[PDB]
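S.K.: part one of the complex, untouched from its place in the assembly:
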Amino acid sequence: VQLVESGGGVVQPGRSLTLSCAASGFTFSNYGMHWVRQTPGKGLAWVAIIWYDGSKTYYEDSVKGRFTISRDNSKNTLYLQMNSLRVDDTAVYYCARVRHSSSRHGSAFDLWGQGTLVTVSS
Amino acid sequence: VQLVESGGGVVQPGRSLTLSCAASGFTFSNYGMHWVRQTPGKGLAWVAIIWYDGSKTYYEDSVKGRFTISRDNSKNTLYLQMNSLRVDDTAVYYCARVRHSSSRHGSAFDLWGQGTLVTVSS
Amino acid sequence: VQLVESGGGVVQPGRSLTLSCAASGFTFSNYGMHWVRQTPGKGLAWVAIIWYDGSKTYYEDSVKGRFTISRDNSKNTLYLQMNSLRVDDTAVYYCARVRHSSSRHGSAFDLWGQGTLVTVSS
Amino acid sequence: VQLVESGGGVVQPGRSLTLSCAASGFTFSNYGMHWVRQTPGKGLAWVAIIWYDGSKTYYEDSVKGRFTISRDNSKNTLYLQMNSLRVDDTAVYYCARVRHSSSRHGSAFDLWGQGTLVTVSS
Amino acid sequence: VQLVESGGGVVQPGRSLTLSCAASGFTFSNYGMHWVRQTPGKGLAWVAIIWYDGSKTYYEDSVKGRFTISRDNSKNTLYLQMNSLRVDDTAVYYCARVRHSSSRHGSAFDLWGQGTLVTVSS
Amino acid sequence: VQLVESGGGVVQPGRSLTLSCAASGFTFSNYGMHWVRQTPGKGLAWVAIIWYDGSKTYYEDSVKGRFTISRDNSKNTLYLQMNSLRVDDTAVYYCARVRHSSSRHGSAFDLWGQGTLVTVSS
Amino acid sequence: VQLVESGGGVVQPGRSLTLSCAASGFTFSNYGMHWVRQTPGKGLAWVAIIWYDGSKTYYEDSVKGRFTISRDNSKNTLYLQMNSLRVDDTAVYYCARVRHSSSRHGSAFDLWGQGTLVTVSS
Amino acid sequence: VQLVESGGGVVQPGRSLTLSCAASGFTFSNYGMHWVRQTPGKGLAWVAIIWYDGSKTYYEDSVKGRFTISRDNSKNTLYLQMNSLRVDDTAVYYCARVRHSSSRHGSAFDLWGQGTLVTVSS
Amino acid sequence: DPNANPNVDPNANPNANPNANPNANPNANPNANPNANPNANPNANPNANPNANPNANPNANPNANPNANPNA
Amino acid sequence: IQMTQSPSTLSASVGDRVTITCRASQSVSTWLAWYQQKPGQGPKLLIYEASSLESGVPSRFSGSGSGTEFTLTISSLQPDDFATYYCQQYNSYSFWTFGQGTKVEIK
């Protein structure tokens, strides 16, 4: 049960950077995933959700229209494509796997990756 | 975000007319929708509601059994089909989107179309 | 708009008999329904209530633990599984539909069935 | 019907302790429940009430801001989370079920538990 | 606990002004609240009363029909809509909370706000 | 502030007739009301009183057990259901509103209705 | 118009015996009541009076401090509890109703119960 | 329509055993099958499911990673490769065919095999 | 004064009595209120409920889907 | 809540005036409904909340009252309206209970 991020680095404001999240050891195509930011000095903040098929996605209000989350069930990977980055968006990005739940109300995020630092500065 | 109606016109009493309502620029398969009349010389009047899936539907008591409302989530389109139109039913028809509410009690109609004119006369 | 029951007959004391109630002509999943007896030589007596979901059920104090009312919105059907019948329960059983009320205090029974005769004797 | 608590033990002054109260054999989400102490050498004393939803709550004048009662209707439990315990709070804590009353003035406690001993000392 | 008003200012005679009163630190939906004037050169004078639910209101004989007191339990506020203002109504308005009382006769005004100044002049 | 009654007519002796009283322009659920006759050739005469809640009623000595008085606070109505009429009941029935008074002794009838003629004859 | 006593019997000196008195056929909440004893060989003797609310009570000098009179207007009952009964209290206890009077001085006893025999002996 | 299995027997713990399930008389490639155990002294227990093509499989939590279910549509045959058997795993293994359903929520197991014996001991 | 009319004083004030305890009445009936509207609540949230189970629905129709694309 | 009706049997002729009295053992406020059950059929609601008329009910039927005393008045009895009338109460915290039923017969 392994979940590894990638794609981090340093970019200038307004430039586009794309992340990936390679899953390992479990059926990736069976779970809905989240992306969660951690800006030091604050707690975790949610970013996007992907609905196990690509059919439904929901974003935070501050990233709507700039972040495009998509998944690839064939290679067990996620993708959070960022466009028009700002100095606000520098944080550590985590993947989250939604726990299996015997209901219709979802569940917490059991498996979290190690995160890759995204730095936006000039 | 854009919401425009169509399909209006002039028909004789007792005939059938169908309206369509194309929604664009937003996730249509997530919102419950309405139809609203505006008779000149009167206020706005509610007509029907569709429950985000086609699962549940309520009508005004004066149009029960004559109006059918149904939605096509794949094409982002509403349909209110009129049967046995009367002289009363001459008004302007608007689609109304139910606002997102962080509760179980719904919300107001935020995004309204430009409306279409339906005239019933002999 | 019709509401018809079935499942009556003659059973010996202590045996279990199950009643059904098929609803037609209206949206059945929106109404909380009741079961009402009519013992000859007595007036109508209330039996059980089902709360529009199966979430809440209340019974008359004389049938608690022997009667189980459950509904099936998928087939528009009620059920009142009667266990451990006694000679008292020989009565005609009616279905009742609770009227819509613009409040939280409930309303009277507008739609009544035709009654199925249950006889418990040796 | 049965009403059994747990979570007792010995804690030092200033620490926090949480009690639980599992209800079995009856519908728990319909009854507003209480918590009652019993200090040896003194009579019973009321502690808190929960209003059948968690919507409304009331406490004894000497435990406001130190005791928090909340209920979980999905699992049929109570929780009287005790904070800032003192040597005064050495007592046995009972649960109580409010009897059904055909009025608006409530009724007495009809179902009591066996109590858990909570000792605060150093 | 605290009780702070707002919405004051200067308006011309005959204009309409809306006052607000936000309550914090206690369960606001539990207490019936009052509005009290303070005209310099005269003692305090009562204005209205709200009955913990909005069900019952009673006004001063000189402001009946020009003042509307209403409360919102969800956002913990009070409102006193003042219509047809006159030069006499220049006074500081206070919020008051009715003390809990173990009887059917109410109690005094214990928690008072800091008051807002309403001036009507030409 | 308008008070109108209804339900008059001519009925043969021994029959049951129900009067009514409609209240508008004031909070009807705050005042206790009366019913008063005016028989031509004689002065007024009190008939019944309702105590703002339906808790207490009182009647003239000559109509006890035949006239019942009751009020619907939700619909702002009064009812004087008259049973077993005689020829002596030929009169005009008024509604009377008891004026607010700052004591424990009541006040005179301040607002009177217009009156409905009830005639009993063979 | 019926007033029935109960609760009589035989007790040893020094014990405590309580009596009951039910009223029916008239509104019990609107009348003050008396208890009157009848010792064979002696005339009627007053014992206690209840002031229509329990607000005021008065006792005979011979039973002050040992007799309690109280009424329950919700069930239309009277309660005269006798503590430390003596041999001289052997008599028949009647309930008396004070008739309506159009003054502030009261009136005679209108309705009397059949009475219950209470005897004290060794 | 027949479902016959084989490949059972007796093996020591820690070894590997392979079961088979030959289907005949129907289009085996159209059906998602199950494996079901029956241990005497206990009811049936589900084991694995195969999703009509090999895309998805789900196992009971106690056999995850030790039981590998697979199918071969060209030979109309299931395969449950068992690895690291324990004394718990002795039971009778049944194949189950999922009944055709006109929905998306599955159906019951209509066709069952004759069962095969898998015994593990030292 | 033992002798004083212990009746109700029918000529009393039958009005609303504005000075009544306007507080919350902490001793009330905290129960289910069985006679409550057992209906569909037409004004319920008709939206999408974003916080719903985004998982795989392990119990779904594993059959062949006879109405599938019969072309190339 | 014990609910009783009087008179138990009410003889009346076509075009006469009919009043049926329903008494409740406790205060049921305005929560009360009136029914009508012709022989061999199921009862049909006529009046709800003790005053309002159900849709489709003829205007002849009317009801009034509050507290514990309710009456149902038929202004003009028709040949249709000869049936057994039942009285129901549904208070706030009380369950639904029905009266014994008065039978209206031709005179």
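M.R.: Cool, the structure landed. Numbers count the residues shown, from 1 in each chain, chains lettered A, B, ... in the order given.
S.K.: only C-alpha atoms for contact and neighbour calcs from this point on.
M.R.: Noted.
S.K.: what about residue 53, neighbour count?
M.R.: All of this is about chain A. Using other Cα atoms under 10 Å in any protein chain shown, the number of residues around residue A:53 comes to 18.
S.K.: my bad, chain J
M.R.: Every residue meeting other Cα under 10 Å relative to residue J:53 is counted, giving 19.
S.K.: With residue I:23 instead?
M.R.: By the measure other Cα under 10 Å, the count of residues near residue I:23 is 23.
S.K.: check contacts around it.
M.R.: Residue I:23 makes contact with E:30-32, E:51-52, E:98-101, E:106, according to Cα atoms under 8 Å, 6 or more residues apart in numbering or on different chains.
S.K.: And residue I:32, by the same measure?
M.R.: The contact partners of residue I:32, by Cα under 8 Å, 6+ apart, come to D:29-31, D:52.
S.K.: 7 Å instead, please
M.R.: D:30-31 (Cα atoms under 7 Å, 6 or more residues apart in numbering or on different chains).
S.K.: Distance check, it against residue C:56.
M.R.: 10 Å (Cα to Cα, to the nearest Å).
S.K.: if we can go back for a sec, and the contacts of residue I:23 as CSV, adding distance to chain C and neighbour count?
M.R.: Formatted as CSV, these follow (distance: Cα to the nearest Cα, whole Å; neighbours: other Cα atoms under 10 Å in any protein chain shown):
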residue, distance to chain C, neighbour count
E:30, 21, 19
E:31, 23, 22
E:32, 23, 25
E:51, 21, 22
E:52, 19, 22
E:98, 29, 23
E:99, 30, 18
E:100, 29, 20
E:101, 30, 14
E:106, 29, 18
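S.K.: Give me the residue at the spatial middle of chain A.
M.R.: With distances taken as Cα atoms, centre = their mean, chain A has residue A:35 as the residue nearest its mean C-alpha position (2.5 Å).
S.K.: Could you pull up phi and psi at that one?
M.R.: Dihedral pair for residue A:35: phi -120, psi 130, per degrees, to the nearest 10.
S.K.: count of residues packed around the nearest residue to it once chain neighbours are set aside?
M.R.: Of all residues beyond its chain neighbours, the one nearest residue A:35 is residue A:95 (4.8 Å), with distances taken as Cα to Cα, 6 or more residues apart in numbering or on different chains. For residue A:95, the tally of surrounding residues (other Cα under 10 Å) stands at 26.
S.K.: Residue I:64 now?
M.R.: Other residues within reach of residue I:64, judged by other Cα under 10 Å, total 15.
S.K.: what sits against it?
M.R.: Taking Cα under 7 Å, 6+ apart as the definition, contacts of residue I:64 comprise H:30-31, H:52.
S.K.: now for chain K:
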Amino acid sequence: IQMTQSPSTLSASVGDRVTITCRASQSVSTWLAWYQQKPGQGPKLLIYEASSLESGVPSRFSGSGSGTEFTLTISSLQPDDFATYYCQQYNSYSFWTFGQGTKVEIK
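M.R.: Okay, chain K now, added to the rest:
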């Protein structure tokens, strides 16, 4: 509302008549309940609304009174009815308070 009971401890024999008096500091109308707590167990309801019996309680127990004077009378004390009895009041605008409780001991 402070509730006190007298006597604190009374001894009675099998079949004897027992009266326990509960006195309220202020009028509690008729809202009052009597409990029974055998040692080491949880108290069980006996009488609610100061007169009515809780279902399952033998008709032996009885209670009467209103205002500020209340009593609980055991008509014929049984070998099972030797325990501590508590008095509770729940007025409309008052909170629930319990009396100290009287212990019934075998003579």
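S.K.: ok chain K is loaded, check the contacts of residue I:23 again?
M.R.: Residue I:23 is in contact with E:30-32, E:52, E:100, counting by Cα under 7 Å, 6+ apart.
S.K.: same thing with residue I:44?
M.R.: With Cα under 7 Å, 6+ apart as the criterion, the residues that contact residue I:44 are B:104-106.
S.K.: what phi and what psi does the backbone show at it?
M.R.: The main-chain torsion angles of residue I:44 are listed as degrees, to the nearest 10 and equal phi -60, psi 160.
S.K.: Return the distance of it relative to residue C:105.
M.R.: According to Cα to Cα, residue I:44 stands 17 Å off from residue C:105.
S.K.: out of the contacts of residue I:23, which touch chain D?
M.R.: Within the set of the contacts of residue I:23, contact with chain D (Cα under 7 Å from any Cα of the partner chain) is found for no member.
S.K.: Where does chain I get nearest to chain B, residue-wise?
M.R.: Taking Cα to the nearest Cα as the measure, the point where chain I comes nearest chain B is residue I:45, at 3.8 Å.
S.K.: Actually, chain A.
M.R.: Using Cα to the nearest Cα, the closest approach of chain A to chain B is made by residue A:56 at 9.0 Å.
S.K.: How many residues are close by residue I:43?
M.R.: The burial count assigned to residue I:43 is 11, neighbours taken as other Cα under 10 Å.
S.K.: now it, what's its secondary structure?
M.R.: Using DSSP: H, G, I helix; E, B strand; the rest coil as the criterion, the local structure at residue I:43 reads coil.
S.K.: Just give the nearest non-adjacent residue to residue 63, would you?
M.R.: The chain I'm using is chain A. Here the nearest residue to residue A:63 in space, its sequence neighbours aside, is residue A:47; by Cα to Cα, 6+ apart that works out to 7.3 Å.
S.K.: To clarify, I was referring to chain J.
M.R.: With Cα to Cα, 6+ apart, the residue lying closest to residue J:63 is residue J:72, at 4.4 Å.
S.K.: sec struct for the one you found, please.
M.R.: Three-state secondary structure (criterion: three-state DSSP) places residue J:72 in strand.
S.K.: Identify the residues contacting it.
M.R.: When contacts are counted by Cα under 7 Å, 6+ apart, residue J:72 touches J:19-21, J:62-64.
S.K.: Next one: it from chain B, what distance?
M.R.: Relative to chain B, residue J:72 is positioned 28 Å away (Cα to the nearest Cα, to the nearest Å).
S.K.: what's the neighbour count on residue 58?
M.R.: As the question left the chain open, I've gone with chain A. The number of residues packed around residue A:58, counting by other Cα under 10 Å, is 17.
S.K.: that's the other chain; I wanted chain J
M.R.: Look at residue J:58: counted by other Cα under 10 Å, it has 11 neighbours.
S.K.: let's bring in chain L now:
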Amino acid sequence: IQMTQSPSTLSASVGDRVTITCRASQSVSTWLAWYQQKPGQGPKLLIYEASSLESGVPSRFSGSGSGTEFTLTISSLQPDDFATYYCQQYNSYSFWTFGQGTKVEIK
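M.R.: So, slotting chain L in with the rest:
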């Protein structure tokens, strides 16, 4: 539930203070919304829950009230605030109903 607004016509000038009042025939709690329909267009939400502001609406508009009395207040009338303002209620078990609307004209 019938909603009526007064005044039906409200003359005002630029920079004035405007209050439009909506009254509900039955208690609608806090569930109420205000719209703005310039002629020839479709109405746009301004206030929901009777107090909040829809995103993008200028801070001039504000609303207050609960129960059956409501009021929409404009702190400073602008050149483009001359349009018909409507009132809506969406209670618990009540359907959506609109008021007749008030028209604001130049003075």
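S.K.: back to the neighbour count of residue I:43, now that we've got chain L?
M.R.: By the measure other Cα under 10 Å, the count of residues near residue I:43 is 18.
S.K.: do the same with residue J:11
M.R.: Using other Cα under 10 Å: residue J:11 sits among 12 other residues.
S.K.: Can you give me the neighbour number for residue J:107?
M.R.: Residue J:107 has 8 neighbouring residues, counting by other Cα under 10 Å.
S.K.: thinking again about what came up before, can you pull the contacts of the residue nearest to the centre of chain A?
M.R.: By Cα under 7 Å, 6+ apart, the neighbours of residue A:35 are A:46-49, A:93-96.
S.K.: could you measure it against chain F, distance?
M.R.: Distance, residue A:35 to chain F, using Cα to the nearest Cα: 54 Å.
S.K.: quick revisit: tell me which entries of the contacts of residue A:35 lie within strands.
M.R.: Helix and strand membership here follows DSSP state E; of those, those in strands are A:46-49, A:93-96.
S.K.: Out of these, give me the two with the largest separation.
M.R.: When these are compared pair by pair using Cα to Cα, the farthest-apart members prove to be A:49 and A:93, with a separation of 13.3 Å.
S.K.: From the ones in strands among the contacts of residue A:35, pick the one nearest residue J:12.
M.R.: residue A:49 (73.2 Å).
S.K.: which residue packs closest to that closest one, ignoring adjacent ones?
M.R.: Skipping the residues right next to it in sequence, residue A:49 comes nearest to residue A:34 by Cα to Cα, 6+ apart, at 4.5 Å.
S.K.: ok, now how distant is the residue of chain I found nearest chain E from residue D:29?
M.R.: Ranking the residues of chain I by distance to chain E (Cα to the nearest Cα) places residue I:21 first, at 3.6 Å. Spatial separation of residue I:21 from residue D:29 under the definition Cα to Cα is 30 Å.
S.K.: Ok, residue A:52 next?
M.R.: Residue A:52 sits at a distance of 34 Å from residue D:29 (criterion: Cα to Cα).
S.K.: now do residue J:75
M.R.: Shown here: residue J:75 relative to residue D:29, a distance of 48 Å by Cα to Cα.
S.K.: mind listing what residue J:47 touches?
M.R.: For residue J:47, the contacting residues are J:33-34, J:53-54, by Cα under 7 Å, 6+ apart.
S.K.: swap the cut-off to 8 Å and go again
M.R.: Shown here is residue J:47, whose contacts under the criterion Cα under 8 Å, 6+ apart are J:33-35, J:53-54, J:62-63.
S.K.: what does residue J:22 give?
M.R.: With contact set as Cα under 8 Å, 6+ apart, residue J:22 has these partners: J:3-6, J:69-71, J:87, J:99.
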